[PDB]
Amino acid sequence: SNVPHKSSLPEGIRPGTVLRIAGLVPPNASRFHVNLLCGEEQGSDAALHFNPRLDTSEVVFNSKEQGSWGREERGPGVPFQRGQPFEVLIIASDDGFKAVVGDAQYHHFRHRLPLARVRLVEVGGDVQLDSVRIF
Amino acid sequence: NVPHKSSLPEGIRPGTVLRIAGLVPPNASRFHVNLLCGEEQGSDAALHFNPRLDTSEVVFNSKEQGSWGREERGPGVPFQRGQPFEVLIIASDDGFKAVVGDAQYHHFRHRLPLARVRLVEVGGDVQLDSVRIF
Numbered sequence: 002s003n004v005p006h007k008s009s010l011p012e013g014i015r016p017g018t019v020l021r022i023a024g025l026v027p028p029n030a031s032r033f034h035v036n037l038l039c040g041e042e043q044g045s046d047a048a049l050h051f052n053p054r055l056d057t058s059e060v061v062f063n064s065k066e067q068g069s070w071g072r073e074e075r076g077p078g079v080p081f082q083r084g085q086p087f088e089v090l091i092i093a094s095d096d097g098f099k100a101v102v103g104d105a106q107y108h109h110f111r112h113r114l115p116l117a118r119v120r121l122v123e124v125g126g127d128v129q130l131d132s133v134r135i136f
Numbered sequence: 003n004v005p006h007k008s009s010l011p012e013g014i015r016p017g018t019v020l021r022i023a024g025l026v027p028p029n030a031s032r033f034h035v036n037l038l039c040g041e042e043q044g045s046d047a048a049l050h051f052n053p054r055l056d057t058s059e060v061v062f063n064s065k066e067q068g069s070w071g072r073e074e075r076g077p078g079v080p081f082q083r084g085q086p087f088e089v090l091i092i093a094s095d096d097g098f099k100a101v102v103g104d105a106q107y108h109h110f111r112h113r114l115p116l117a118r119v120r121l122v123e124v125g126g127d128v129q130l131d132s133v134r135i136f
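Chains as they are written, first to last, in full-length UniProt numbering: chain A, 2 to 136; chain B, 3 to 136.
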């Protein structure tokens with residue numbers, strides 16, 4: 002199932018970076034996450050926390066800075082389903098992160114931390130990961 | 003087979019993603035994807051992505067004022083006759099990242115300004131499934 006899955010980004014990511022995450026949402030999944038982290042330590046700051054919640058039918062976006070979570074943003078409905086595969090694109094621009102789900106633009110999350118702080122991508126939770134690619 | 007045209011109303015910026023899904027015909031010679039700066043014939047091409055299956059090469063190039071540039075070539079041909087493909091053209095601040103399949107294939111540094119791009123054009127021997135701008 003390959004979780005928790007970590008992808009190190011020693012030189013960071015620039016505007017024009019695409020994170021492609023594919024996987025299956027297992028039959029009794031509660032929630033999973035894709036984190037863009039500043040370091041490898043526990044509780045590391047997070048430029049992006051992408052959190053589909055199957056049990057509450059929401060998709061939460063947040064950030065973590067100086068150990069404190071920001072204010073949650075929510076996307077429109079849950080474009081994931083228990084027992085169904087998915088494809089997510091997280092696209093970094095100069096202005097924020099574009100979340101694409103199932104070939105449809107889903108939500109835009111404005112930068113709160115500098116994009117230059119990102120050093121790691123972490124995928125975890127109730128997800129059976131197909132692949133994580135970083136272009 | 004008139005080329006497919008898709009206008010870019012707000013141009014493209016670092017973070018624009020062009021997903022081109024399609025199928026190569028069994029008798030295909032070559033097809034191309036152009037990022038053009040105007041809707042006139044002979045407009046500047048900020049990016050000319052040209053896979054060539056008749057000679058087994060993939061050529062990158064630019065064009066301004068009707069004059070081309072120096073060709074760049076990628077490793078082999080990640081395209082086969084009769085086989086489908088998915089291409090990502092990702093604009094960064096440094097250039098265009100071309101992705102074929104699940105791997106970055108080439109990095110074409112910006113020869114022309116990114117803000118001058120206004121039209122995507124797909125032509126040649128190719129069956130076009132979908133053109134998406136993200």
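In this text, a Cβ means the ideal position worked out from N, Cα and C, and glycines have one as well.
- Within a 10 Å sphere around the beta-carbon of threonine 18 (chain A) sit 16 or more other beta-carbons, which makes this residue buried.
- As DSSP reads the structure, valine 133 (chain B) sits in a beta bridge with B:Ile22.
- Boundaries for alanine 30 (chain B): no beta strand (DSSP E) harbours it, and the DSSP string shows neither H nor E there.
- For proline 16 (chain A), the neighbours in chain B by C-beta distance under 7 Å run, in chain order, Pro16, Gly17, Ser94, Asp95.
- Neighbours of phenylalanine 136 (chain B) in chain A, taken as residues whose beta carbon is under 8 Å from its own, are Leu90, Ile92, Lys99, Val101, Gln106 in chain order.
- The C-beta separation of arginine 111 (chain B) from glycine 126 (chain B) comes to about 24 Å, leaving the pair out of contact by the 8 Å criterion.
- Taken through DSSP and simplified to helix, strand or coil, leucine 90 (chain A) comes out as strand.
- Excluding the 5 residues flanking it on each side, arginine 32 (chain A) has same chain C-beta neighbours closer than 7 Å at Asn52, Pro53, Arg54, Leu55, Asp56, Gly126, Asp127, in chain order.
- Residue state for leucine 121 (chain B) is assigned as strand, using DSSP reduced to three classes.
- Ranking A:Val133, A:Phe136, A:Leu121 by CA distance to the CA of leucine 49 (chain A) puts A:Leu121 first.
- The alpha-carbon separation between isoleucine 22 (chain A) and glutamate 74 (chain B) amounts to approximately 30 Å.
- Contacts between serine 132 (chain A) and chain B, judged by CB atoms closer than 9 Å, involve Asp104 in chain order.
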